[PDB]
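Protein chains: 2
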Amino acid sequence: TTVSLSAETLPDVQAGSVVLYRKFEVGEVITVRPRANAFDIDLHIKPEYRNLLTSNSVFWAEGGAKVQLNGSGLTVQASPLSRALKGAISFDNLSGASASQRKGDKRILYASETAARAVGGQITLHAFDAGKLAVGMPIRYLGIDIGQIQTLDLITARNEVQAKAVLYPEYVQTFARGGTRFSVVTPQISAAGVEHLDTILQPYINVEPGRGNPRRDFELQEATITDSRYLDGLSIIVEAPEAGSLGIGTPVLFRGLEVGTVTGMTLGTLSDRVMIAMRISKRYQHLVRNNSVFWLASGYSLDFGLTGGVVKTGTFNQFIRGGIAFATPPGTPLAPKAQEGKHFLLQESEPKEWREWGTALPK
Amino acid sequence: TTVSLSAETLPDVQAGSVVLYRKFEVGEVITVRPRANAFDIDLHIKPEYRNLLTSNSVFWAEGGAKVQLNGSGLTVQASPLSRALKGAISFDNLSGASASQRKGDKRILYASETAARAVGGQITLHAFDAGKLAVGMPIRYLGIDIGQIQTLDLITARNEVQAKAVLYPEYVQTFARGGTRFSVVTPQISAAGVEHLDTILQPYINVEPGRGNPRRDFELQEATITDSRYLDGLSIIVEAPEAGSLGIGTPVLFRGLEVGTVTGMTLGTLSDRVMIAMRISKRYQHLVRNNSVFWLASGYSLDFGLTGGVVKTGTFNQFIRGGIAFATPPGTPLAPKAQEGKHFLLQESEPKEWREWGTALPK
Numbered sequence: 007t008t009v010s011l012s013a014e015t016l017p018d019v020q021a022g023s024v025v026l027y028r029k030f031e032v033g034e035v036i037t038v039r040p041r042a043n044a045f046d047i048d049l050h051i052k053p054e055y056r057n058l059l060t061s062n063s064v065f066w067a068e069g070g071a072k073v074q075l076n077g078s079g080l081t082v083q084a085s086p087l088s089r090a091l092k093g094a095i096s097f098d099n100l101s102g103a104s105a106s107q108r109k110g111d112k113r114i115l116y117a118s119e120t121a122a123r124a125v126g127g128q129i130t131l132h133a134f135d136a137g138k139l140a141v142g143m144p145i146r147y148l149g150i151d152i153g154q155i156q157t158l159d160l161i162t163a164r165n166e167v168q169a170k171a172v173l174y175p176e177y178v179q180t181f182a183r184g185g186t187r188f189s190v191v192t193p194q195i196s197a198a199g200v201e202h203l204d205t206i207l208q209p210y211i212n213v214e215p216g217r218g219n220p221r222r223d224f225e226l227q228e229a230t231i232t233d234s235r236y237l238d239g240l241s242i243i244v245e246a247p248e249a250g251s252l253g254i255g256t257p258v259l260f261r262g263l264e265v266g267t268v269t270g271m272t273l274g275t276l277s278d279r280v281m282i283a284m285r286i287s288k289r290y291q292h293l294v295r296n297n298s299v300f301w302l303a304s305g306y307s308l309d310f311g312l313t314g315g316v317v318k319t320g321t322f323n324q325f326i327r328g329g330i331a332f333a334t335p336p337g338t339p340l341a342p343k344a345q346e347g348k349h350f351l352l353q354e355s356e357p358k359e360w361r362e363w364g365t366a367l368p369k
Numbered sequence: 007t008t009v010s011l012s013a014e015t016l017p018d019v020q021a022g023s024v025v026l027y028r029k030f031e032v033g034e035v036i037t038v039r040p041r042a043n044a045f046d047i048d049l050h051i052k053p054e055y056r057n058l059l060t061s062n063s064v065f066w067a068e069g070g071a072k073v074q075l076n077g078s079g080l081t082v083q084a085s086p087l088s089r090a091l092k093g094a095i096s097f098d099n100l101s102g103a104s105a106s107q108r109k110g111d112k113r114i115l116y117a118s119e120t121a122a123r124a125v126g127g128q129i130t131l132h133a134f135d136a137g138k139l140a141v142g143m144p145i146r147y148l149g150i151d152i153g154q155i156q157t158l159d160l161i162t163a164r165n166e167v168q169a170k171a172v173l174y175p176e177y178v179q180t181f182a183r184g185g186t187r188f189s190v191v192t193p194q195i196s197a198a199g200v201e202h203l204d205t206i207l208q209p210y211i212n213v214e215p216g217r218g219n220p221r222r223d224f225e226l227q228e229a230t231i232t233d234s235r236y237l238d239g240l241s242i243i244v245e246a247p248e249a250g251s252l253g254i255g256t257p258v259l260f261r262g263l264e265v266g267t268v269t270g271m272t273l274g275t276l277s278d279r280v281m282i283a284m285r286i287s288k289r290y291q292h293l294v295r296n297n298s299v300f301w302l303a304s305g306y307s308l309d310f311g312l313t314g315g316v317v318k319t320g321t322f323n324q325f326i327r328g329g330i331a332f333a334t335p336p337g338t339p340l341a342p343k344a345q346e347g348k349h350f351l352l353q354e355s356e357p358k359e360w361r362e363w364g365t366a367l368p369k
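Residue numbers (our numbering), protein chains in the order written: chain Z, 7 to 369; chain P, 7 to 369.
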């Protein structure tokens, strides 16, 4: 006996399966004993390989011929036949597994490979619904996996589901700083188009980072800005009497080209107006001046007359998410650039002569 | 022989398969005898393991190489070959299995793992249709599984299907209190969007809790408020001459932002008006005053003139579910906040100057 484990319900072995290391057959399980809560598993490894496991080592289990589904092949496990008859145990060293040994009396045999990889800083999410969540669901920043949900707990006192998740130790300092948005992504299949389709089989959580004090207590949003191409530029606040078709992700347009998005929407400190937070790119940051009229270009507008009318349809994406356009009035000196937090207000209608302005905005 | 069972139709074993405990091979089946109603099964367990089963112990059966469908793998049962040739029997201790031994002469071998887990308080549902129901169908609160349907019975006297279900013993006091809404969830695939897609393969029952006396006799609704984010705030009643596009789940809007939903719709005590129950959040509870005009903002409204008309489209979700908006008229003292049950009435049209009001509503 070299290392002893604990495991709740694993179909791995009574005795005699092989220990895997980097998917390679080194070692053997010599004794399990069942218990009403959790097993106690004794492993043998060879003495030249006793250096190959250290304190930073997590063990995980798999059982049966695991026929992968992916793409080309239904790849059968060319395995030790011990895996076919009983099922094997694998392990690997990693970076931050020292904290997993500080907890518990000894190591724990995880039921899956990803459940062993769930190391790092441990945050808590507060969702109103766990219908979109799952254990082992990845948390992805820019499509790259940075975290993982490890449990889901229902609370009946506070009507909410607390999901505890981990962030991998490279990302626990960068994220978990407050102002960090978490959101599940769902497949969007409409008449307008299909947006996400991998999330049929494998949903995940998108994350947008924030700046502030290390909170490590978050709640799960409804929508989150997906691309971080607008994360660097200025974040002006735009005031409106009503929300309308505005939502998170609604584009901001300069002459029909998308220069920013709507970050979030909230009411005022005294509830008389809806103030809309939006970020502009670094490239198009110089377009926003101290005099820049903003207006709601949302949906379709068509005209009519007494002697005759002529209408326009322009296949707008503002019929999908009604975008805010802007322009700068002409002035022979230019007004200064907008600061980081600058409060504009919407024009109730489109200005008449903005197509005729042609304000020279350099650089 | 240690423990004797009864089982209706199970392909487990004639003699010699293994007894599983926490998915581990401990024990053996020594004698079955078939009978016209139900088997009688004799089990042997080792004496050091005779402490590992108690009165709170349920037994269940499975037969064959059960190739799971889920995600990554078609995982084959790395099993005792006794399971491959015949099929095995598993068991586990749990909390509330003492009542299952008080019923019947002895224990019963369930045909599945979930059918053994169906312990707790036993409620009864009255559905008009069992086309959406099934035995073993989960009952979920906030996406977390709290119960299970265990039978479906058709009654020809009262034209209804009585489904008897169980609630797990943590939740039988919290739920089953009257004013509790049960509803099946169906996949909604439209031109407007796809709403539920996991319910293609695995439908469930959503539940909204209530407050009152412990009824334990319920009926299955058509729609139920999914998220409990509006469960805490005040529940005002709003009176209308007609229903219209209003339904359960229809949003309540303040300046275009969603502050509540419509809970339920019913007629008056004398049938001259439709009164609409709606709940507002705790955050936006201070927005509702004793003078707050409500109006139906449902569908699309566009204008026209003699000399010319100009129209508006705003990609409303009120074309999906026509939402009720509100606003507070300006007054230099504020009116008091609305109580828990406060009866308003709809304005037949939108007020003219509500965009120009700008009533200062603090906190």
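Think of the CB as a built atom: it goes at the ideal place given N, C-alpha and C, for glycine as much as any other residue.
Would you call the CB atoms of residue i and residue j closer than 8 Å?
{"i": "residue 97/P", "j": "residue 59/P", "result": "yes"}
{"i": "residue 79/P", "j": "residue 73/Z", "result": "yes"}
{"i": "residue 332/Z", "j": "residue 306/Z", "result": "no"}
{"i": "residue 161/Z", "j": "residue 154/Z", "result": "no"}
{"i": "residue 126/P", "j": "residue 158/P", "result": "no"}
{"i": "residue 16/P", "j": "residue 67/P", "result": "yes"}
{"i": "residue 11/P", "j": "residue 51/P", "result": "no"}
{"i": "residue 245/Z", "j": "residue 281/Z", "result": "yes"}
{"i": "residue 254/P", "j": "residue 269/P", "result": "yes"}
{"i": "residue 14/Z", "j": "residue 44/Z", "result": "yes"}
{"i": "residue 267/Z", "j": "residue 328/Z", "result": "no"}
{"i": "residue 124/Z", "j": "residue 156/Z", "result": "yes"}
{"i": "residue 342/Z", "j": "residue 365/Z", "result": "no"}
{"i": "residue 260/Z", "j": "residue 293/Z", "result": "yes"}
Could you tell me the distance, in whole angstroms, from the CA atom of residue i to the CA atom of residue j?
{"i": "residue 368/P", "j": "residue 354/P", "result": "28 Å"}
{"i": "residue 22/Z", "j": "residue 99/Z", "result": "23 Å"}
{"i": "residue 338/Z", "j": "residue 298/Z", "result": "15 Å"}
{"i": "residue 345/P", "j": "residue 275/P", "result": "21 Å"}
{"i": "residue 65/P", "j": "residue 34/Z", "result": "32 Å"}
{"i": "residue 238/P", "j": "residue 229/P", "result": "19 Å"}
{"i": "residue 139/Z", "j": "residue 205/Z", "result": "12 Å"}
{"i": "residue 362/P", "j": "residue 273/Z", "result": "16 Å"}
{"i": "residue 193/P", "j": "residue 203/Z", "result": "17 Å"}
{"i": "residue 295/P", "j": "residue 134/Z", "result": "27 Å"}
{"i": "residue 190/P", "j": "residue 351/Z", "result": "45 Å"}
{"i": "residue 214/P", "j": "residue 31/P", "result": "42 Å"}
{"i": "residue 248/Z", "j": "residue 285/Z", "result": "20 Å"}
{"i": "residue 165/P", "j": "residue 171/P", "result": "19 Å"}
{"i": "residue 241/P", "j": "residue 220/P", "result": "22 Å"}
{"i": "residue 236/Z", "j": "residue 7/Z", "result": "57 Å"}
{"i": "residue 114/Z", "j": "residue 175/Z", "result": "20 Å"}
Counting contacts by CB-CB distance shorter than 8 Å, is residue i in contact with chain Z?
{"i": "residue 80/P", "result": "yes"}
{"i": "residue 148/P", "result": "yes"}
{"i": "residue 317/P", "result": "yes"}
Keeping to the same chain, check which residues put their C-beta closer than 6 Å to that of residue i; ignore five residues upstream and five downstream.
{"i": "residue 262/Z", "result": "none"}
{"i": "residue 216/Z", "result": "183, 184, 185 and 186"}
{"i": "residue 142/P", "result": "120"}
Are any of the Cβ atoms in chain P nearer than 8 Å to that of residue i?
{"i": "residue 11/Z", "result": "no"}
{"i": "residue 280/Z", "result": "yes"}
{"i": "residue 219/Z", "result": "no"}
{"i": "residue 116/Z", "result": "no"}
{"i": "residue 134/Z", "result": "yes"}
{"i": "residue 248/Z", "result": "yes"}
{"i": "residue 326/Z", "result": "yes"}
{"i": "residue 92/Z", "result": "yes"}
Beta-carbon within less than 7 Å of residue i's beta-carbon, same chain only, minus the 5 sequence neighbours each way: which residues are those?
{"i": "residue 83/P", "result": "71, 72 and 89"}
{"i": "residue 315/P", "result": "309"}
Going along chain B in order, which residues have a C-beta closer than 8 Å to the C-beta of residue i?
{"i": "residue 20/Z", "result": "No chain B appears in the structure shown, which is made up of the protein chains Z and P."}
If you drop the 5 nearest sequence neighbours on each side, which residues of the same chain put their C-beta closer than 8 Å to that of residue i?
{"i": "residue 136/Z", "result": "158, 160, 167 and 169"}
{"i": "residue 198/Z", "result": "326"}
Just to confirm the assignment: which complete beta strand (DSSP E) runs, minimum length 3, are found wholly within the segment 264 to 323 of chain Z?
280 to 286 and 299 to 303
Just to confirm the assignment: which complete beta strand (DSSP E) runs, minimum length 3, are found wholly within the segment 11 to 76 of chain Z?
24 to 27, 31 to 39, 45 to 50 and 63 to 68
Hey, which unbroken runs of the alpha helix (DSSP H) at 4 residues or more fall wholly within the segment 89 to 173 of chain P?
104 to 108 and 119 to 123
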